[PDB]
Amino acid sequence: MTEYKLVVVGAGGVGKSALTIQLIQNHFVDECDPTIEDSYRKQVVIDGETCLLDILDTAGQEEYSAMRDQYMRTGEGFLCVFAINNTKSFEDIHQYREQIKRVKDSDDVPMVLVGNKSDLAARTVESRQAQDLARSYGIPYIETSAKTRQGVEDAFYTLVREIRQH
Ligand SMILES: C[C@H](OP(=O)(O)OP(=O)(O)OP(=O)(O)OC[C@H]1O[C@@H](n2cnc3c(=O)[nH]c(N)nc32)[C@H](O)[C@@H]1O)c1ccccc1[N+](=O)[O-]
Ligand SMILES: *CC(=O)N(C)CCN(C)c1ccc([N+](=O)[O-])c2nonc12
Ligand SMILES: [Mg+2]
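Residues numbered from 1 in each chain as written, not as in the entry; some residues may be left out. Chains lettered and ligands numbered in written order. Heavy atoms only, no water.

- X-ray crystallography is the method the PDB entry states for this structure, with the resolution given as 1.24 Å.

Given below as structure tokens:
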């Protein structure tokens with residue numbers, strides 16, 4: 001196959017486990033579980049191409065370590081997720097982006113910025129500001145809900161399109 005190796009990164013509670021379980025299994029979860037399953041794999045068709053996604057769902061309240069580096073370094077593209085009702089998570093995006101670049105030892109990594117939990121009202125992270133963030137880094141910005149499935153495909157499939165183009 002062409003495999004696409006995706007790593008989903010970002011802060012505690014942002015919806016990384018849920019976004020991926022929604023893509024790999026087509027259902028929504030809700031369960032305070034810091035465990036991280038082996039990689040999620042799924043043959044899919046993206047823009048007509050049959051391919052294997054292999055998605056590493058990582059941990060949110062974890063400091064950088066060699067162990068985390070050991071897991072992350074195999075990824076080809078990175079989904080950088082915050083929650084639109086969590087300002088800390090959006091600000092932490094800078095760290096996560098900078099961490100990814102250092103781990104991959106590269107000035108140009110395929111990434112997509114994802115603002116998750118779009119179904120929730122009274123958002124705190126202004127949409128325009130995430131677009132400006134994503135723009136200033138030169139990456140796509142997708143808004144998602146692991147709950148309603150809005151954007152879950154756009155977000156991930158765009159990340160595959162960024163791998164192809166790098
Ligand atoms: C330890 C773990 O930290 P974590 O594993 O780093 O956290 P995740 O980023 O994987 O977070 P998860 O996907 O489990 O989603 C967190 C909570 O928000 C809910 N959620 C996820 N996406 C959405 C969405 O789009 N909309 C709505 N309305 N809700 C959503 C989930 O059902 C869950 O209750 C963790 C940290 C903080 C909080 C929870 C948590 N957890 O395990 O559940
Ligand atoms: C599901 C879960 O998070 N736990 C079992 C850990 C204990 N709890 C309930 C916990 C830990 C940490 C934080 N936090 O610092 O954000 C919590 N906030 O609400 N419950 C928390
Ligand atoms: Mg999780």
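Concerning helix α5 (residues 127–137)
- If you check which residues of α5 are buried, you get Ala130, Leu133, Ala134 and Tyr137. Along the axis of α5, the buried positions cluster into a sector of 90°, meaning they face one direction only. Within α5, the exposed residues directed more than 90 degrees away from the buried face are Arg128, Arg135 and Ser136.
- Residues of α5 that are buried sit in contact with β4 (77–83), α3 (87–91), α4 (93–104), β5 (111–116) and β6 (141–143).
- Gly138, located one to two residues past α5, shows a positive phi value of around 80°. (Buried < 20%, exposed > 50% of the residue type's maximum accessible area, 1.4 Å probe, protein only. Helix = DSSP H or I, 4+ residues; strand = E, 2+ residues; numbered from the N terminus. Arc of directions from axis to C-beta. Contact = heavy atoms within 4.5 Å.)

Observations regarding the UniProt feature "short sequence motif: Effector region" in the protein
- The UniProt record annotates "short sequence motif: Effector region" at residues 32–40.
- Between the end C-alpha atoms of residues 32–40 the distance is 19 Å, and the span holds 0% helix and 11% strand. (UniProt positions renumbered as here; feature names shortened; annotations may be inferred.)

Notes on the nonpolar core
- One finds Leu53, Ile55, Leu79, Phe82, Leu113 and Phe156 to be the most contacted residues of the largest nonpolar core, which totals 54 residues.
- In terms of residue count, the dominant contributor to this core is helix α6 (residues 152–165) (7 residues).
- In this view, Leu79 contacts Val7, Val8, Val9, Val112, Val114, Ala155, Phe156 and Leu159; residues no more than four positions away in its chain are not counted. (Core = buried A, V, L, I, M, F, W, Y, C linked by side-chain atoms within 4.5 Å.)

Looking at a negative patch on the surface
- On the surface, a cluster of negative charge is made up of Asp30, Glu31, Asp33, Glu37 and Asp38.
- With respect to the helices and strands, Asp30 occurs in the loop between α1 (16–25) and β2 (40–46).
- In this structure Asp30 comes out as exposed when scored by relative accessible area, which is 69%. (Patch = residues over 30% accessible without salt bridge, like charges linked within 9 Å, V, L, I, M, F, W, Y side chains within 5 Å. Areas by Shrake-Rupley, 256 points an atom, 1.4 Å probe, with all protein chains shown as cover. Salt bridge = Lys/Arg side-chain N within 4 Å of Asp/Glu carboxyl O. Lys, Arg positive; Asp, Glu negative; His and termini not counted. Charge placed at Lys NZ, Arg CZ, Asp CG, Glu CD.)

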